[PDB]
Amino acid sequence: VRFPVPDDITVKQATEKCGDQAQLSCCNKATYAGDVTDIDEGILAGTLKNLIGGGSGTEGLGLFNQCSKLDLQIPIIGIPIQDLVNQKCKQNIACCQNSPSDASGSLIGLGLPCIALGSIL
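Under the deposited numbering, the first residue of the sequence shown is numbered 39, with each subsequent residue one higher.
Below, the structure written as structure tokens:
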């Protein structure tokens with residue numbers, strides 16, 4: 039992971055940070071679009087930009103493979119538990135678009151389009 043997620047970010051906070059259409063996912067393999075030439079970062083950035091809203095961090099954007107989604111813990115279930123993403127994950131933590139579109143989604147199923155949360159800070 040080139041852009042690590044702050045250890046003090048809970049799974050809930052991380053989800054809020056990446057937007058309502060994004061969920062944290064931990065992938066064992068990561069391909070960044072700017073690191074490879076056969077992938078157009080501009081296309082991926084276009085769709086992922088919707089999750090960024092306002093900011094810049096395409097340097098952590100690309101295709102993520104061998105990934106598993108992180109399930110949200112219950113926000114304050116009586117006990118004030120602060121479930122930190124780095125505490126349950128030892129894999130590359132990224133935020134993935136939970137919107138199946140036929141543009142930059144269906145015809146590029148070589149991996150999961152996601153962005154490293156550390157890139158959007």
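Note that the Cβ used here is the ideal one computed from N, Cα and C, for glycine as well.
Distance between residue j and residue i (C-alpha atoms, nearest Å)
i, j, result
"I117", "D76", "48 Å"
"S106", "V39", "15 Å"
"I146", "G92", "25 Å"
"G57", "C133", "9 Å"
"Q59", "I119", "24 Å"
Residue j beta carbon less than 8 Å from that of residue i
i, j, result
"residue 173", "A52", "Here the chain covers residues 39 to 159 and nothing more, so residue 173 does not appear."
"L89", "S157", "no"
"residue 183", "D45", "The shown model of the chain, from 39 to 159, leaves out residue 183, and the question about it has no answer."
Option in the options with minimal Cα separation from residue i
i, options, result
"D78", "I114, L101, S144", "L101"
"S137", "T85, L145, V49", "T85"
"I153", "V49, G143, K128, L62", "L62"
Three-way DSSP call (helix, strand, coil) for residue i in this model
i, result
"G98", "helix"
"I158", "helix"
"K128", "coil"
"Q61", "strand"
"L110", "coil"
"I47", "coil"
Classification of residue i by the beta-carbon crowding that lies within 10 angstroms, buried from 16 upward
i, result
"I115", "exposed"
"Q135", "buried"
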